[PDB]
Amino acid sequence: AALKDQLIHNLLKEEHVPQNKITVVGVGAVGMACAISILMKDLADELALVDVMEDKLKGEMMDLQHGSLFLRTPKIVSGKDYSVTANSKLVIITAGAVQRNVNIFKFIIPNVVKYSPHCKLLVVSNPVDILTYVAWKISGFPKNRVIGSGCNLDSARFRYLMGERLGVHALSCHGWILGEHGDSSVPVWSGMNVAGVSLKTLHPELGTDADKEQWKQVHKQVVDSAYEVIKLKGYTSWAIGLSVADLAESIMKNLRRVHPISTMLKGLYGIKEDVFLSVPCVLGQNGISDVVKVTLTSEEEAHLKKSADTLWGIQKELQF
């Protein structure tokens, strides 16, 4: 008969629903950077890629499949039809162009929610705070399961810059950027430390214009990292990729590690409208379970409630 029947005796009926499936929505350079990083970390037993361009979608899929000998993710599937994204534990949304973006998500999210009703939603698209609200509003998901990339990578970048100055690895440099991704993010100088030693105690001018070492510019460097990498190679892909696989690892492995990620905050940090900002969140198999209450100066508190107003303003005028 067929070679396969000569070689192999089948004694079971492929009753296969995947146990540890990640979907990456959108195969721009960000999405494919999240894909390659997720694949190389052995996080998922099935990876699904979905996008509007059928040729490019298939290209990426085929390429990843060609690497199957060097990976430990046995099934990699793609399609325009969101049926391929079914029984995903985690769906990473990386697609967009703002009201237009909403309208993009009104196709994506009802489809993601149909086929993976119990999934976690990781929104990476910009503007990430509003698009995490849109993802949440449209999905009907409880806030624990709608997560925004937020300032996760901004904090990773901050810790790198801290690292190169102090001449120690980023893993041993602790620092938090919170609130609205980009220009309005608050660098929490009180929390910055190495081996638990407050850098604000040793250098009290830390976080002021007057400061000789200009540590305030290290936060300027963070918000202007994306623009400076886009000016040089046309986009960013690798850092966001490794950061999103970090969030994915905490979720799939249920690690309950603390990440500065965008969460539905109303009722905390003095914020009394439905918005999403970065605060340190305990991340595990049911998404965001718990938020750390960071002690903020009244200036840091004001700055966070200003951001919340800016977001509620824009969010009020969006049509659903």
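Counting begins at 1, following the sequence as shown.
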Per the record, how many residues of the deposited chain fall between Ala97 and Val98 without being modelled: none, 1 to 3, 4 to 9, or 10 or more?
-> 10 or more
Can you let me know which of the two, 263 to 271 or 289 to 297, has the higher average C-alpha B-factor in the entry?
-> 263 to 271
Between 150 to 158 and 213 to 221, which has the higher average C-alpha B-factor in the PDB entry?
-> 213 to 221
Residue of maximum C-alpha B factor among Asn126, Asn87, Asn193, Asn144, per deposited coordinates = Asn126
Among the candidates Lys120, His174, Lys233, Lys80, give the one with the maximum CA B-factor reported in the record.
-> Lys80
Select lowest, middle or highest to describe the third in which the CA B-factor of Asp63 falls within its chain in this entry.
-> lowest
Assigned third (lowest, middle, highest) for the C-alpha B factor of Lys106 = highest
Among the modelled residues of its chain, the C-alpha B-factor of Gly182 falls in the third labelled highest
Determine, from the deposited record, the chain-internal third of the Cα B-factor for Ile36: lowest, middle or highest.
-> lowest
Please place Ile240 in the lowest, middle or highest third of its chain by C-alpha B factor as given in the entry.
-> middle
